[PDB]
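Okay, so we've got the same protein chain twice, two forms, each given alone as structure tokens, structure 1 and structure 2.
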Structure 1
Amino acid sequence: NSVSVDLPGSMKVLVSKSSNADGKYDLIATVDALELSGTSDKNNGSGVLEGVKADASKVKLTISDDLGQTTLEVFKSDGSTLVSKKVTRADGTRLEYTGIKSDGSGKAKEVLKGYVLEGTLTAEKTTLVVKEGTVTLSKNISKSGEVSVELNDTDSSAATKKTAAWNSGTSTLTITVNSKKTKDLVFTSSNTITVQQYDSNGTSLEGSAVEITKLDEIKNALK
């Protein structure tokens, strides 16, 4: 019979204990109440599973080789048009792409622990946006999942205008106001955000980094 393998996002796939005559393993999973099935040349739960909804939509679950990501795609009934794509990362958070158009654009929602970020998808990138006052924080995610962040403030006052620099080496957005760094927003590989303030001179971090748990805390950091 079968082995239950845990997948990101508190999901599971059942994999046959042994392979069939072709060396393949059977996979079965139920996602959004639909039973999907497939076969794989790996024994770990990775591979592709498919099913068809009552409305004839085609559903494909793809579980990456190292179990670090799953993709749940829904297509129109001929399988030729992708309608939605939900990408679940190793940390369990997910990106939901919906209203996908023929140029690869669509709506994007990132479901984090404690909050949701909303934005858009283009063929190039996903951009999730948080606005607060005159500040817009944009979390950009490449097609391969690489995160970069930018900030733009339309405030026309040096006393108060925020600017920010992205450090791709440390996944950190450093905000500056009136020539002083004010805080580091770290976008962790856990897909969490932490905030840590600088001292009043902008030249040393103080305290300890605090993990953001709700949208209001992101907005507070952008004030």
Structure 2
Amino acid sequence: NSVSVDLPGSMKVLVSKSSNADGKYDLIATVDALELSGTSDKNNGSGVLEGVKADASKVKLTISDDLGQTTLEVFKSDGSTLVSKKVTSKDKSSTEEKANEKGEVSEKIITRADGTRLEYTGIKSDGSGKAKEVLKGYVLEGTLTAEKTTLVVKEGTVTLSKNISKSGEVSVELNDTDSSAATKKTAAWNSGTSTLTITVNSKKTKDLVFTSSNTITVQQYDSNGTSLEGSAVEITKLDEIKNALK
């Protein structure tokens, strides 16, 4: 006599139709063939479920009270040395951490709701590591520090850096080492409009807009640098980013 409850990431928990004499509900879930079980003082599917793998690893699924988030933890048999931790939100955005043998997080994947990802590897005790952003049509490479993630695209003497704060806030900057003052690119970032405006030789040349969909559009200025012209074009591949940096 159970009730099925939908969870983040198209998972399920089974909750007893009625409570026991203590007013508690029974919970059962199966995560990749491993049965987890628990009890809860709520009737909605929220609560904690536990199980133990064949290799003695301890597994705990915690379902938030409003069903908006699940946390799936795997530990070694001590129940404290982390193996992995996955936090899934209702829109199927998620974070997944993987630990080293000492239980320290060394790998992390942030999956956005739109399917784009930020992936970290080799995270060190100072918070540094390597980073990759996986977009629709291209991959960006860079680094992680305790402060921010920085993805870098280099083209000639120009470096475009896409910085991502711990809160996920994107800002972008550009630097050019071009020794010719006349062809050197500079740029300004407008956080309010998520736009990087590139200038060469005192004339704005283009706006790169970093959209809420984790895409980039490019639109050129006229020959005077004082009006935008034509229509903005979505970038779909790395070579088009580099073209904009030429």
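Only residues modelled in both forms are compared. Definition used throughout: the rigid core is the maximal C-alpha set that superposes within 1.5 Å between two forms. Residue indices: 1-based, along structure 1.
With the two forms fitted on their core, the C-alpha shifts between structures 1 and 2 stay under 2 Å for all of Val111, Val147, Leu82, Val129 except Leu82. After superposing the rigid core, the Cα of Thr213 is displaced by less than 2 Å between structures 1 and 2. Core-superposed comparison between structures 1 and 2: the C-alpha position of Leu61 differs by no less than 2 Å. Relative to the superposed rigid core, the position of the CA of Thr192 differs between structures 1 and 2 by less than 2 Å.
Relative displacement of the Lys17 Cα between structures 1 and 2 on rigid core alignment is 10.5 Å.
Relative to the superposed core, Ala158 moves its CA by 2.2 Å between structures 1 and 2. After superposition on the rigid core, only one stretch of three or more consecutive residues whose Cα atoms move by at least 2 Å between structures 1 and 2 is found, at 1 to 88.
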